[PDB]
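Student: Provide a 3D model corresponding to the input given below.
(one chain, ligands or ions: 3)
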Amino acid sequence: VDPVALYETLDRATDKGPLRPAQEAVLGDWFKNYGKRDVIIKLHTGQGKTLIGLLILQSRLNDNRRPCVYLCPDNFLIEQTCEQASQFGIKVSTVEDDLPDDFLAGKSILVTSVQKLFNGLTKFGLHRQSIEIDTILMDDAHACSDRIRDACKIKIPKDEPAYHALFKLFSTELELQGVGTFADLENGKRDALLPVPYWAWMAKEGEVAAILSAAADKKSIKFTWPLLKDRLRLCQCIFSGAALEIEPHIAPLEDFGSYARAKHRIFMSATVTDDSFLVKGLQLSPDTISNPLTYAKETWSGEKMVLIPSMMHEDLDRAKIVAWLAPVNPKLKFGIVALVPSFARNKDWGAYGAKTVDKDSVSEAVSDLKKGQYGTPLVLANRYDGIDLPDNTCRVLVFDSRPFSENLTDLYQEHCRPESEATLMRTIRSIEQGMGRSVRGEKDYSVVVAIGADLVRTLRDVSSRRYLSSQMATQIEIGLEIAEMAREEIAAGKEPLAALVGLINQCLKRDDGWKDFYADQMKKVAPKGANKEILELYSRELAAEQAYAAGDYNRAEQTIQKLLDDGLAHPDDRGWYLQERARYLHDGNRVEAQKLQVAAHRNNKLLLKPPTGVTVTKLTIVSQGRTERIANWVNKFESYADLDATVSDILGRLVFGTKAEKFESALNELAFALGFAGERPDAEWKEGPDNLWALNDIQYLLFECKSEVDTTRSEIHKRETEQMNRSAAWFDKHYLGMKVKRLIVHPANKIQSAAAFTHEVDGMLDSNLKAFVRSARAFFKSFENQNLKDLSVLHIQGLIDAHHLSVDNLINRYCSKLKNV
Ligand SMILES: [Ca+2]
Ligand SMILES: [Ca+2]
Ligand SMILES: [Ca+2]
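Tutor: Residues are numbered from 1 along each chain as shown. Ligands and ions are numbered 1, 2, ... in the order given. Next comes the structure:
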């Protein structure tokens, strides 16, 4: 009954000692207070999660409270859990073919992956047929939440016939949400993304149901269709040239009666990771999130030296660190592990000799590093959960660039809501999960080198710093202080790479001064609770979604309206909730639905465009006061470090070979940065140019962004010329009387024989765009050692005249004449 007393009665191995104080305190707190239906245990990594879970579930089994089940997010953790249970003398069983009879009889703890429980053809049963479970414990609840989310999604790749069937079904309504993006979809670009709107989705529920039912024999639909077959009106559909994803807004956790009707639910997660995501992912009340079971005497655990070399010198960019750490070095006595956001960035690390591994070969490479194969650096792409690197297995973890999600839904919300709460919290959660893998013990120490301009912007931005955990924020601040001190050292004549190597040596050689400095500085961490406003916002969102799922549209609409009126929503994030009301009222009251959809499109133009009632508004700016706008935009920043981080992020993305979406967003941000006003009519107004800059009252810059085109291509295809002709026609239709410089951002100079331009269009080659980026970087570098809040207007005008960023300079200096073949 008592788990601390139960620990002594086990036939444990000889090398297993007594309970740690944190483990014993958590067990005592659990036995005293729960011996409430939901509970979250937050603790540091390496505290013995498996031991605590097995002890709690064995104690629950001892009271004839059966069955009790431990879930792992993956199969490696299944093997580790069963091995450790064999060490501790606790009998466990696994689901080989069918459910164990000992598990049903309540004789042993069931250890299973979260995929076995959460799937459409599960052996635990669905709806009323679900096999009853008393106590269920979840380890690493955020990874399990991600796996539960991925189990409820339909992803159909291009090569299946279902993708072409659904594309033929939805081509008419996908074309109205963007014309250039539709041409990218027809060519199969992975980066291309188009949503199917709600009005087309509920009106074509039967056809999509028939198409998906016709392809139930495929692997991608067989295990997901029974959950979604009777709730297609609640889903959303996103198309990309590699795959199409259909996902419900909230996961159907009510169908899983073994989990939803469970008598006790214990959740385990990291201390640094914010448990605000569990409101929607796992459908918890905020009371359990705001009241976790933690060790009272618990402090910071483990040693992390989070270095940011981009703060140290201008030469210490991402490329220098990549060229320094990637190539093989046989004299190293420890592993070097790099975390990159995609397989595209495996090229830069792997060109120097680093070992790049795919999804299936991560575990083999990690196990090889655990055996002492420290010669070759290891690169891991977009997978941080489930990886353990204790002690000598990794002493140099490298974090490359801002991590991005593989889900089309999250990419779409990143496209529409860049500065919202949820997107920033997801990115910060991914950053913290990736950064905490290198340290697993209370003694273990590591250097985490975080590079890439976008990652540093995420770590510096004032809106994004407030969501970081206090431990990780204080570690970043220690890195900032050491970076400033070593910057002063480099200003005294020290070589930058030499200073970085010296600091890494100070951490790795166990210097006493660094230990004293870390012990003194770390004392400032106050363990932050979950933010109550964000929890209340998510609770209202979940309540409205459940109200709409039950057929009560008016309750959901009033819930979203009360959410808007109480001020919990961000002022720039109003329009999303307006769209939510417009989607909830679509069946009930179509006129009010169209009114709120038009309101949502006016408030946030990146959202879905209704076919009627939207009028194109001319982007207008005044000629005078450009320098005042530049001064105000720079005046938003507190110090030169934030401005340099933001400018380096924006101008790093203006290179060929990057994604088209990132290039267009960076160009719009640079439009605002230079005192202009920019818009993206293909994404905002769903037709026309990819970017438009309002330089002054009468002059505009029109861009046709072709960033994905390889630099070695020497001809302009017919489809690109047709796209630029359509953009020019749209601008001549909606902006009569305005001068414009039509620019096509393309590496090629020559035009194909079958292709032609209807208007005068000039190209931006690679050298011209590089010169433009150099001019912008030299312009924003000139604000160094200047007072940001007292910028002189004449000084800014002089900098504009010096760096060739005037209106005529933008029109004429940064373009090249194209040649016809
Ligand atoms: Ca386009
Ligand atoms: Ca675009
Ligand atoms: Ca394109």
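Student: Now do the contacts for the residue in the stretch 151-300 of the chain that ligand 3 sits nearest to.
Tutor: Residue of the stretch 151-300 of the chain nearest ligand 3, by C-beta to the ion: residue 184 (4.7 Å). All C-beta atoms are positioned from the backbone trio N, CA, C, and that covers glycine. Residue 184 makes contacts with 191-192, 241, 660, as judged by C-beta atoms under 8 Å, 6 or more residues apart in numbering.
Student: One more pass at 10 Å, please.
Tutor: The contact partners of residue 184, by C-beta atoms under 10 Å, 6 or more residues apart in numbering, come to 178, 190-194, 240-241, 660, 708, 719, 723.
Student: just residue 599 next, same as before
Tutor: 574-575, 578-579, 581-582.
Student: What distance do you get for it to residue 590?
Tutor: From residue 599 across to residue 590, the span is 15 Å (C-beta to C-beta, to the nearest Å).
Student: hmm, back to that, quick one: which of the contacts of residue 184 sit in strands?
Tutor: Of the positions in the contacts of residue 184, 193-194, 240 sit in strands, assigned by DSSP state E.
Student: Looking at those, which is nearest residue 297?
Tutor: residue 193 (48.4 Å; C-beta to C-beta).
Student: now the closest one, nearest residue through space, not along the chain?
Tutor: Distances taken as C-beta to C-beta, 6 or more residues apart in numbering put residue 240 closest to residue 193, at 5.4 Å, once the chain neighbours are dropped.
Student: what's around that neighbour, how many residues?
Tutor: 23 (other C-beta atoms under 10 Å).
Student: Distance to residue 450 for the contacts of residue 184 - can I get that in CSV?
Tutor: Converted to CSV, those look like this (distance: C-beta to C-beta, whole Å):
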residue, distance to residue 450
178, 35
190, 27
191, 25
192, 30
193, 28
194, 34
240, 29
241, 32
660, 27
708, 27
719, 40
723, 38
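Student: how far away is the closest residue to ligand 3 within the stretch 251-400 of the chain from residue 163?
Tutor: Residue of the stretch 251-400 of the chain nearest ligand 3, by C-beta to the ion: residue 344 (16.9 Å). For residue 344, the distance to residue 163 equals 23 Å [C-beta to C-beta].
Student: who touches whichever residue of the stretch 351-500 of the chain sits closest to ligand 2 in this structure?
Tutor: Of all residues in the stretch 351-500 of the chain, residue 415 sits closest to ligand 2, at 9.8 Å by C-beta to the ion. With contacts defined as C-beta under 10 Å, 6+ apart, the neighbours of residue 415 are 193, 195, 423, 606, 661, 665, 683.
Student: ok but it is inside a helix, no?
Tutor: Yes. Counting by DSSP: H, G, I helix; E, B strand; the rest coil, residue 415 is found in a helix.
Student: Okay, and residue 446 sits in which element?
Tutor: strand 445-451 (DSSP states H and E).
Student: Now do the helix or strand following that strand: which elements does it pack against?
Tutor: Moving toward the C-terminus from strand 445-451, the first helix or strand encountered (DSSP H and E) is helix 453-460. When contacts are defined as 3 or more C-beta pairs under 10 Å, 6 or more residues apart in numbering; DSSP states H and E, helix 453-460 packs onto helix 318-325, strand 396-400, helix 421-435, strand 445-451, helix 462-465, helix 470-491, helix 640-652.
Student: Which strands or helices does the shortest one pack on?
Tutor: What it means is helix 462-465. Counting contacts by 3+ C-beta pairs under 10 Å, 6+ apart, helix 462-465 packs against helix 421-435, helix 453-460, helix 470-491.
Student: Of these, which is nearest ligand 3?
Tutor: Counting by C-beta to the ion, ligand 3 lies closest to helix 453-460 out of the helices and strands packed on helix 462-465; the figure is 21.1 Å.
Student: Fine by me, thanks again.
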